[PDB]
file my_file_4.txt (compact mmCIF, C-alpha atoms)
# COMPACT_ATOMS: atom_id res chain seq x y z
CA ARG A 200 1.96 87.14 48.41
CA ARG A 201 4.30 85.44 50.90
CA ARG A 202 3.83 82.78 53.60
CA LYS A 203 0.43 83.46 55.13
CA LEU A 204 -0.33 83.44 58.86
CA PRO A 205 -3.61 83.40 60.81
CA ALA A 206 -5.04 86.84 61.52
CA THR A 207 -4.81 86.56 65.33
CA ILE A 208 -1.10 87.48 65.08
CA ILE A 209 -1.83 90.85 63.45
CA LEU A 210 -5.00 91.23 65.56
CA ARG A 211 -3.01 90.74 68.79
CA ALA A 212 -0.24 93.08 67.57
CA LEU A 213 -2.26 96.12 68.76
CA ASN A 214 -1.77 95.08 72.44
CA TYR A 215 -4.95 93.01 72.24
CA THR A 216 -5.30 90.56 75.11
CA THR A 217 -6.57 86.98 74.69
CA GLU A 218 -9.31 87.85 77.19
CA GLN A 219 -10.36 90.59 74.76
CA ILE A 220 -10.04 88.04 71.93
CA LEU A 221 -12.47 85.63 73.54
CA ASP A 222 -14.78 88.41 74.81
CA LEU A 223 -15.11 91.10 72.12
CA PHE A 224 -14.96 88.93 68.98
CA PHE A 225 -18.02 86.80 69.87
CA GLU A 226 -21.31 87.17 71.75
CA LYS A 227 -21.05 84.90 74.78
CA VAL A 228 -23.26 83.12 77.31
CA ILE A 229 -22.81 82.83 81.07
CA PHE A 230 -23.23 80.15 83.74
CA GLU A 231 -23.15 80.01 87.54
CA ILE A 232 -20.91 77.68 89.56
CA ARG A 233 -19.84 76.97 93.19
CA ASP A 234 -23.44 76.71 94.45
CA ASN A 235 -24.60 73.47 92.71
CA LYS A 236 -27.46 75.39 91.10
CA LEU A 237 -26.63 74.59 87.43
CA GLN A 238 -28.47 77.53 85.88
CA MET A 239 -27.90 80.16 83.21
CA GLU A 240 -29.31 83.55 82.22
CA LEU A 241 -32.32 84.26 80.00
CA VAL A 242 -32.33 83.00 76.41
CA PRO A 243 -31.34 85.49 73.66
CA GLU A 244 -33.59 83.66 71.09
CA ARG A 245 -30.48 83.22 68.94
CA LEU A 246 -31.31 79.67 67.83
CA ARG A 247 -33.07 79.35 64.47
CA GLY A 248 -32.29 75.98 62.89
CA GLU A 249 -29.87 74.15 65.18
CA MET B 5 -2.78 64.62 50.34
CA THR B 6 -0.20 63.29 47.88
CA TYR B 7 2.89 64.78 46.26
CA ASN B 8 1.22 65.12 42.85
CA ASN B 9 -1.78 67.18 44.02
CA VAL B 10 0.40 69.52 46.12
CA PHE B 11 2.76 69.99 43.16
CA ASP B 12 -0.19 70.63 40.81
CA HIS B 13 -1.49 73.28 43.23
CA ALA B 14 2.06 74.69 43.44
CA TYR B 15 2.48 75.33 39.73
CA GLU B 16 -1.19 76.35 39.54
CA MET B 17 -0.46 79.16 42.00
CA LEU B 18 2.75 79.83 40.04
CA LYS B 19 0.92 80.19 36.72
CA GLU B 20 -1.74 82.35 38.41
CA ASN B 21 1.08 84.61 39.66
CA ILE B 22 2.53 84.67 36.12
CA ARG B 23 -0.87 85.61 34.64
CA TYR B 24 -1.20 88.31 37.32
CA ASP B 25 2.34 89.71 36.91
CA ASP B 26 3.02 89.13 33.15
CA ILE B 27 6.57 87.88 33.64
CA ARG B 28 8.70 87.27 30.53
CA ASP B 29 12.31 87.04 31.73
CA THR B 30 13.83 83.92 33.28
CA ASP B 31 15.60 85.99 35.95
CA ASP B 32 12.18 87.41 36.86
CA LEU B 33 10.71 83.90 36.55
CA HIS B 34 13.03 82.60 39.29
CA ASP B 35 11.81 85.12 41.87
CA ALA B 36 8.23 84.16 41.00
CA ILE B 37 9.18 80.50 41.52
CA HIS B 38 10.61 81.36 44.96
CA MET B 39 7.49 83.37 45.87
CA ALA B 40 5.19 80.58 44.64
CA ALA B 41 7.08 77.99 46.68
CA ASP B 42 6.72 80.47 49.53
CA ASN B 43 2.99 80.39 48.71
CA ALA B 44 0.69 77.34 48.48
CA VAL B 45 1.92 75.76 51.73
CA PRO B 46 -0.36 73.44 53.74
CA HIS B 47 -1.29 74.25 57.33
CA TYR B 48 -2.50 70.74 58.13
CA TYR B 49 0.34 68.89 59.84
CA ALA B 50 -0.89 65.54 58.48
CA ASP B 51 -0.55 66.86 54.93
CA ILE B 52 2.98 68.08 55.70
CA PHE B 53 3.99 64.64 56.94
CA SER B 54 2.14 63.11 53.97
CA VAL B 55 4.37 65.06 51.57
CA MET B 56 7.35 63.59 53.46
CA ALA B 57 5.78 60.11 53.22
CA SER B 58 4.85 60.19 49.52
CA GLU B 59 7.14 59.37 46.59
CA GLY B 60 9.46 61.73 44.77
CA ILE B 61 11.43 62.85 47.83
CA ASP B 62 14.63 61.75 49.59
CA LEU B 63 16.00 62.13 53.10
CA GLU B 64 19.43 63.44 52.12
CA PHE B 65 19.62 66.80 50.35
CA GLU B 66 22.24 68.58 48.26
CA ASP B 67 22.54 71.91 50.08
CA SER B 68 23.04 72.15 53.85
CA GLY B 69 23.19 75.94 54.11
CA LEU B 70 19.40 76.25 53.83
CA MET B 71 18.98 73.71 56.65
CA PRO B 72 18.21 75.67 59.85
CA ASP B 73 19.66 74.94 63.29
CA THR B 74 16.83 74.98 65.83
CA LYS B 75 14.79 72.67 68.04
CA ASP B 76 11.69 73.17 65.87
CA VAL B 77 11.15 70.13 63.64
CA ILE B 78 8.40 71.70 61.51
CA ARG B 79 10.70 74.60 60.53
CA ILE B 80 13.39 72.18 59.29
CA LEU B 81 10.78 70.15 57.41
CA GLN B 82 9.27 73.32 55.92
CA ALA B 83 12.72 74.45 54.76
CA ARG B 84 13.40 71.04 53.18
CA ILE B 85 10.00 71.00 51.42
CA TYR B 86 10.59 74.63 50.35
CA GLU B 87 13.95 73.73 48.77
CA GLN B 88 12.42 70.69 47.04
CA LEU B 89 9.53 72.81 45.74
CA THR B 90 11.89 75.51 44.43
CA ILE B 91 13.95 72.88 42.56
CA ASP B 92 10.88 71.08 41.18
CA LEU B 93 9.02 74.26 40.18
CA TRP B 94 12.17 75.49 38.42
CA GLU B 95 12.50 72.17 36.55
CA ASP B 96 8.82 72.19 35.54
CA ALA B 97 8.52 75.96 34.98
CA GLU B 98 11.44 76.27 32.54
CA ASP B 99 9.01 74.82 29.98
CA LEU B 100 6.03 76.76 31.39
CA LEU B 101 7.80 80.07 30.71
CA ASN B 102 7.80 79.16 27.00
CA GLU B 103 4.26 77.75 27.18
CA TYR B 104 2.82 80.97 28.64
CA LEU B 105 4.54 83.09 25.98
CA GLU B 106 3.19 80.75 23.29
CA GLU B 107 -0.39 80.84 24.63
CA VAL B 108 -0.93 84.59 24.27
CA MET C 5 0.70 53.21 56.05
CA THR C 6 -1.67 54.23 58.85
CA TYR C 7 -1.31 54.55 62.61
CA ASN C 8 -4.14 52.05 63.25
CA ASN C 9 -2.09 49.10 61.92
CA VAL C 10 0.92 49.85 64.14
CA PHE C 11 -1.51 50.45 67.03
CA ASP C 12 -2.96 46.98 66.40
CA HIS C 13 0.57 45.51 66.33
CA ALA C 14 1.40 47.16 69.67
CA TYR C 15 -1.99 46.01 71.00
CA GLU C 16 -1.25 42.39 70.02
CA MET C 17 2.29 42.57 71.46
CA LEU C 18 0.98 43.99 74.75
CA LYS C 19 -1.66 41.25 74.94
CA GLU C 20 1.05 38.64 74.31
CA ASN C 21 3.29 40.18 76.98
CA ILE C 22 0.41 40.12 79.47
CA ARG C 23 -0.50 36.52 78.58
CA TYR C 24 3.08 35.17 78.71
CA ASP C 25 4.23 36.71 82.00
CA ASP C 26 0.85 36.69 83.87
CA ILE C 27 1.39 39.98 85.69
CA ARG C 28 -1.28 40.90 88.25
CA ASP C 29 0.53 43.89 89.80
CA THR C 30 0.23 47.48 88.58
CA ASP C 31 3.61 48.69 89.89
CA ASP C 32 5.74 46.01 88.17
CA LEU C 33 4.48 46.88 84.66
CA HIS C 34 7.76 48.52 83.61
CA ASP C 35 9.91 46.15 81.54
CA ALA C 36 7.18 44.38 79.54
CA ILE C 37 5.41 47.59 78.47
CA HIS C 38 8.67 49.42 77.68
CA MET C 39 9.99 46.50 75.60
CA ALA C 40 6.61 46.23 73.85
CA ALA C 41 6.78 49.93 72.99
CA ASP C 42 10.40 49.55 71.86
CA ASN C 43 9.56 46.53 69.68
CA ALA C 44 6.47 48.12 68.08
CA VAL C 45 8.27 50.76 65.99
CA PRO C 46 9.15 49.85 62.38
CA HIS C 47 12.74 49.45 61.25
CA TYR C 48 12.20 50.85 57.75
CA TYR C 49 12.68 54.51 56.89
CA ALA C 50 9.53 55.13 54.83
CA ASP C 51 7.29 53.44 57.41
CA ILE C 52 8.21 56.10 59.99
CA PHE C 53 7.00 58.82 57.62
CA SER C 54 3.92 56.69 56.87
CA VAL C 55 3.05 56.51 60.58
CA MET C 56 3.68 60.26 60.95
CA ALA C 57 1.51 60.98 57.88
CA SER C 58 -1.70 59.45 59.26
CA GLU C 59 -3.82 60.88 62.07
CA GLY C 60 -3.54 60.09 65.77
CA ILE C 61 -0.25 61.93 66.39
CA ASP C 62 0.55 65.64 66.70
CA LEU C 63 3.47 68.05 67.08
CA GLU C 64 2.82 69.27 70.64
CA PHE C 65 5.15 67.65 73.18
CA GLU C 66 4.13 66.21 76.54
CA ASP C 67 7.62 65.86 78.06
CA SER C 68 10.71 67.70 76.83
CA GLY C 69 13.11 65.31 78.58
CA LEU C 70 12.62 62.59 75.96
CA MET C 71 14.13 64.71 73.16
CA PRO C 72 17.52 63.41 71.93
CA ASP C 73 20.38 65.65 70.84
CA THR C 74 21.12 64.81 67.20
CA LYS C 75 21.02 66.34 63.73
CA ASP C 76 18.82 63.57 62.30
CA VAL C 77 15.13 64.28 61.74
CA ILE C 78 14.31 60.56 61.43
CA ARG C 79 15.48 59.85 64.99
CA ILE C 80 13.27 62.67 66.31
CA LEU C 81 10.31 61.24 64.37
CA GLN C 82 11.06 57.75 65.73
CA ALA C 83 11.18 59.20 69.26
CA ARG C 84 7.84 60.97 68.66
CA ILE C 85 6.23 57.72 67.45
CA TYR C 86 7.74 55.96 70.48
CA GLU C 87 6.29 58.65 72.77
CA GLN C 88 2.81 58.33 71.24
CA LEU C 89 3.00 54.53 71.51
CA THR C 90 4.01 54.78 75.18
CA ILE C 91 1.06 57.14 75.78
CA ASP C 92 -1.35 54.68 74.12
CA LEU C 93 0.07 51.59 75.87
CA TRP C 94 0.24 53.19 79.33
CA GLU C 95 -3.34 54.42 78.90
CA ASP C 96 -4.66 51.05 77.64
CA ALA C 97 -2.66 48.75 79.95
CA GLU C 98 -5.13 49.10 82.84
CA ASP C 99 -8.08 48.21 80.61
CA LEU C 100 -6.17 45.26 79.14
CA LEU C 101 -5.29 44.00 82.64
CA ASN C 102 -8.98 44.33 83.57
CA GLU C 103 -9.92 42.31 80.48
CA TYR C 104 -7.24 39.73 81.32
CA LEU C 105 -8.55 39.36 84.88
CA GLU C 106 -12.16 39.13 83.63
CA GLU C 107 -11.26 36.69 80.83
CA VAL C 108 -10.24 33.72 83.00
CA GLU C 109 -12.05 32.39 86.06

call {"tool": "encode", "arguments": {"input": "my_file_4.txt", "output": "C-alpha cells"}}
result
Amino acid sequence: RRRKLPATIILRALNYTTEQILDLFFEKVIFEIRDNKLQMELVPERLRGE
Amino acid sequence: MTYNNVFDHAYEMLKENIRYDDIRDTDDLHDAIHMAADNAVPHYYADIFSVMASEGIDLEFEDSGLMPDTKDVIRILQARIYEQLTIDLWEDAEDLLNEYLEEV
Amino acid sequence: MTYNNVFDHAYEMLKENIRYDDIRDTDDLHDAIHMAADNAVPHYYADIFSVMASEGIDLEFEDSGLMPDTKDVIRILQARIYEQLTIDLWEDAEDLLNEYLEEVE
C-alpha cells in the first residue's frame, strides 16, 4: 500500500525490451510497404461485433 | 476533479486502511495517515493541476525541507500536495480515530 | 477557468494585430505575434492554475531552452502557458493570414 506505478516498470525489470512489449503482449497484424501495393495478410476472423 | 472529492476519497482510503489494520493508537494513526496520503493519488495531470486550482490551498507553505530540488515540476507539486494531504488528513482524522473506536 | 477562453482572447488579439498592422509577409511576423502571446497571459495567480487545470496543455516539453532558472513554480507554469500559446498562435497565424487575405477584395 504505497504510491502505485504502472506494471510496465516491473514488467520491463526482467530485461524485457519494448519490442518484446509490443510484440509478445498482443496479437498483431502486418502490412506491406515500399511497393505501393497497400495490402495485408489473410483475416484471422477476430472481429465479432466491431 | 475538485478538492472536496479528492479529500473525501483520501479519508475514505484512510478509513478503509483503518478497518483493514484495526489501528487504535494515535502514534500508529499517524503512520496510517502518511501511508494514506501516499495512497489515493491521481494519475491524470489535469486533476493534479485542478487540485492546485481549487480552493483550500495556498502557494506558500510552512516547511521547506520537504520541498525537493529538481527540474521536475510534477515531483515538487506532488510533494506539496502530499504535505497538504498529510496535514489535512491529520486534522480531520484526529476526530475519526475516536469515531472508529465509538462505532465498534 | 478554462483554456478555451484564454485561447479566444489570444485569437481576438492576434486578429486585432493582423488588422491594425496589415502584414502580408510571413517572415516579418515576429513582434506582433510575440507581443500578442506575451499580452495573452493573465496577471492573476489563481488564473494561471485555472488555465493549467483545464485540458489542452500537457507536461511534455518541446524545447528545453525556454526553461527559466528560478525557485518559483508559478513562473514555470506561466512559461508553460506562454509556450502553449506560442504553439497555438504560430500554428494558427498562417490560417488567419489566409482568412485575412480572403476577407477583403

call {"tool": "interface_residues", "arguments": {"input": "my_file_4.txt", "of": "chain B", "to": "chain C", "cutoff": "12 Å", "atoms": "all atoms listed in the file", "output": "PDB file with C-alpha atoms, in the frame of the given file"}}
result
ATOM      1  CA  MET B   5      -2.780  64.620  50.340  1.00  0.00           C
ATOM      2  CA  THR B   6      -0.200  63.290  47.880  1.00  0.00           C
ATOM      3  CA  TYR B  48      -2.500  70.740  58.130  1.00  0.00           C
ATOM      4  CA  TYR B  49       0.340  68.890  59.840  1.00  0.00           C
ATOM      5  CA  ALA B  50      -0.890  65.540  58.480  1.00  0.00           C
ATOM      6  CA  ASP B  51      -0.550  66.860  54.930  1.00  0.00           C
ATOM      7  CA  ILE B  52       2.980  68.080  55.700  1.00  0.00           C
ATOM      8  CA  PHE B  53       3.990  64.640  56.940  1.00  0.00           C
ATOM      9  CA  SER B  54       2.140  63.110  53.970  1.00  0.00           C
ATOM     10  CA  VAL B  55       4.370  65.060  51.570  1.00  0.00           C
ATOM     11  CA  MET B  56       7.350  63.590  53.460  1.00  0.00           C
ATOM     12  CA  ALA B  57       5.780  60.110  53.220  1.00  0.00           C
ATOM     13  CA  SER B  58       4.850  60.190  49.520  1.00  0.00           C
ATOM     14  CA  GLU B  59       7.140  59.370  46.590  1.00  0.00           C
ATOM     15  CA  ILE B  61      11.430  62.850  47.830  1.00  0.00           C
ATOM     16  CA  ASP B  62      14.630  61.750  49.590  1.00  0.00           C
ATOM     17  CA  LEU B  63      16.000  62.130  53.100  1.00  0.00           C
ATOM     18  CA  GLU B  64      19.430  63.440  52.120  1.00  0.00           C
ATOM     19  CA  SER B  68      23.040  72.150  53.850  1.00  0.00           C
ATOM     20  CA  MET B  71      18.980  73.710  56.650  1.00  0.00           C
ATOM     21  CA  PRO B  72      18.210  75.670  59.850  1.00  0.00           C
ATOM     22  CA  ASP B  73      19.660  74.940  63.290  1.00  0.00           C
ATOM     23  CA  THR B  74      16.830  74.980  65.830  1.00  0.00           C
ATOM     24  CA  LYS B  75      14.790  72.670  68.040  1.00  0.00           C
ATOM     25  CA  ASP B  76      11.690  73.170  65.870  1.00  0.00           C
ATOM     26  CA  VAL B  77      11.150  70.130  63.640  1.00  0.00           C
ATOM     27  CA  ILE B  78       8.400  71.700  61.510  1.00  0.00           C
ATOM     28  CA  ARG B  79      10.700  74.600  60.530  1.00  0.00           C
ATOM     29  CA  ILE B  80      13.390  72.180  59.290  1.00  0.00           C
ATOM     30  CA  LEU B  81      10.780  70.150  57.410  1.00  0.00           C
ATOM     31  CA  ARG B  84      13.400  71.040  53.180  1.00  0.00           C
TER      32      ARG B  84
END

call {"tool": "residues_around", "arguments": {"input": "my_file_4.txt", "residues": "residue 92 of chain B", "least_positions_apart": "2", "cutoff": "10 Å", "atoms": "only C-alpha atoms", "output": "count of residues only"}}
result
14

call {"tool": "closest_residue", "arguments": {"input": "my_file_4.txt", "among": "B:27, B:70, B:100, B:40", "to": "chain A", "atoms": "all atoms listed in the file"}}
result
B:40

call {"tool": "axis_aligned_box", "arguments": {"input": "my_file_4.txt", "around": "segment 21-36 of chain C", "padding_each_side": "3 Å", "output": "lines of an AutoDock Vina configuration file"}}
result
center_x = 4.3
center_y = 41.9
center_z = 83.4
size_x = 17.2
size_y = 19.5
size_z = 18.9

call {"tool": "closest_atom_pairs", "arguments": {"input": "my_file_4.txt", "of": "chain B", "to": "chain A", "cutoff": "8 Å", "atoms": "all atoms listed in the file", "output": "Markdown table"}}
result
| residue | atom | partner | partner_atom | distance |
| --- | --- | --- | --- | --- |
| B:39 | CA | A:201 | CA | 6.3 |
| B:40 | CA | A:201 | CA | 8.0 |
| B:42 | CA | A:202 | CA | 5.5 |
| B:43 | CA | A:202 | CA | 5.5 |
| B:45 | CA | A:202 | CA | 7.5 |

call {"tool": "atom_distance", "arguments": {"input": "my_file_4.txt", "atom1": "atom CA of residue 93 of chain C", "atom2": "atom CA of residue 37 of chain C"}}
result
7.2 Å

call {"tool": "residues_around", "arguments": {"input": "my_file_4.txt", "residues": "residue 230 of chain A", "least_positions_apart": "2", "cutoff": "8 Å", "atoms": "only C-alpha atoms", "output": "list in words"}}
result
residues 228, 232, 237, 238, 239 and 240 of chain A

call {"tool": "residues_near_point", "arguments": {"input": "my_file_4.txt", "point": "(4.7, 86.8, 24.8)", "cutoff": "12 Å", "atoms": "all atoms listed in the file", "output": "PyMOL selection string"}}
result
chain B and resi 22-23+26-29+101-108

call {"tool": "closest_residue", "arguments": {"input": "my_file_4.txt", "among": "C:89, C:10, C:97, C:70", "to": "residue 34 of chain C", "atoms": "all atoms listed in the file"}}
result
C:97

call {"tool": "atom_distance", "arguments": {"input": "my_file_4.txt", "atom1": "atom CA of residue 28 of chain C", "atom2": "atom CA of residue 45 of chain C"}}
result
26.2 Å

call {"tool": "decode", "arguments": {"input": "my_file_4.txt", "residues": "segment 18-106 of chain B", "atoms": "C-alpha atoms", "output": "compact mmCIF listing (two decimals), in the first residue's frame"}}
result
# COMPACT_ATOMS: atom_id res chain seq x y z
CA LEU B 18 -7.71 6.14 5.18
CA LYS B 19 -10.76 4.69 6.95
CA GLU B 20 -10.57 1.58 4.73
CA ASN B 21 -6.94 1.17 5.84
CA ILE B 22 -8.06 1.63 9.47
CA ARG B 23 -10.80 -1.00 9.06
CA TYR B 24 -8.23 -3.31 7.46
CA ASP B 25 -5.49 -2.73 10.07
CA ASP B 26 -7.53 -2.13 13.29
CA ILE B 27 -5.42 0.79 14.48
CA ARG B 28 -6.13 2.20 17.96
CA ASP B 29 -3.10 4.33 18.89
CA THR B 30 -2.54 7.88 17.65
CA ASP B 31 1.16 7.18 17.01
CA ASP B 32 0.05 4.27 14.82
CA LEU B 33 -2.68 6.51 13.35
CA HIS B 34 -0.06 8.98 12.07
CA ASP B 35 1.78 6.35 10.01
CA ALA B 36 -1.56 5.29 8.52
CA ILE B 37 -2.23 8.95 7.65
CA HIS B 38 1.16 9.16 5.90
CA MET B 39 0.51 5.90 4.02
CA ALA B 40 -3.00 7.04 3.03
CA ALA B 41 -1.67 10.35 1.73
CA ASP B 42 0.90 8.21 -0.09
CA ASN B 43 -2.11 6.33 -1.47
CA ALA B 44 -5.14 7.76 -3.33
CA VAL B 45 -3.08 9.94 -5.68
CA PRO B 46 -4.42 10.89 -9.13
CA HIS B 47 -2.54 9.94 -12.29
CA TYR B 48 -4.42 12.39 -14.51
CA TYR B 49 -2.32 15.54 -14.83
CA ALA B 50 -5.44 17.68 -15.29
CA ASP B 51 -6.76 16.51 -11.92
CA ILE B 52 -3.39 17.31 -10.30
CA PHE B 53 -3.50 20.86 -11.66
CA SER B 54 -7.19 21.03 -10.69
CA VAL B 55 -6.27 20.36 -7.05
CA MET B 56 -3.80 23.25 -7.34
CA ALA B 57 -6.53 25.42 -8.91
CA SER B 58 -9.33 24.65 -6.43
CA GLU B 59 -9.91 26.34 -3.08
CA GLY B 60 -8.40 25.38 0.26
CA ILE B 61 -4.76 25.62 -0.83
CA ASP B 62 -2.06 28.31 -0.80
CA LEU B 63 1.12 28.91 -2.77
CA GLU B 64 3.41 29.48 0.22
CA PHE B 65 3.96 26.59 2.62
CA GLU B 66 5.25 26.27 6.17
CA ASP B 67 8.02 23.68 5.77
CA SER B 68 10.71 23.97 3.09
CA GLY B 69 12.64 20.80 3.95
CA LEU B 70 10.08 18.59 2.22
CA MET B 71 10.36 20.73 -0.94
CA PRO B 72 12.63 18.86 -3.39
CA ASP B 73 15.33 20.44 -5.55
CA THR B 74 14.98 19.11 -9.10
CA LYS B 75 13.91 20.19 -12.57
CA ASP B 76 10.76 18.04 -12.39
CA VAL B 77 7.72 20.23 -11.70
CA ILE B 78 5.31 17.34 -11.06
CA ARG B 79 7.54 15.97 -8.28
CA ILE B 80 7.53 19.34 -6.47
CA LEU B 81 3.76 19.63 -6.92
CA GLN B 82 3.26 16.05 -5.71
CA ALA B 83 5.38 16.77 -2.61
CA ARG B 84 3.37 19.94 -1.88
CA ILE B 85 0.04 18.13 -2.32
CA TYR B 86 1.39 15.26 -0.19
CA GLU B 87 2.30 17.64 2.65
CA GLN B 88 -1.10 19.36 2.41
CA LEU B 89 -2.88 15.98 2.44
CA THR B 90 -0.89 14.80 5.48
CA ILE B 91 -1.80 17.98 7.39
CA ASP B 92 -5.47 17.87 6.36
CA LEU B 93 -5.90 14.14 6.99
CA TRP B 94 -4.31 14.57 10.42
CA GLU B 95 -6.67 17.47 11.22
CA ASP B 96 -9.73 15.51 10.04
CA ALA B 97 -8.59 12.10 11.32
CA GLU B 98 -7.96 13.17 14.93
CA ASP B 99 -11.76 13.01 15.28
CA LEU B 100 -12.05 9.91 13.05
CA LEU B 101 -9.80 7.93 15.44
CA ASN B 102 -12.42 8.48 18.15
CA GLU B 103 -15.31 7.89 15.73
CA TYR B 104 -13.97 4.48 14.63
CA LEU B 105 -13.48 3.38 18.24
CA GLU B 106 -17.03 4.53 19.05
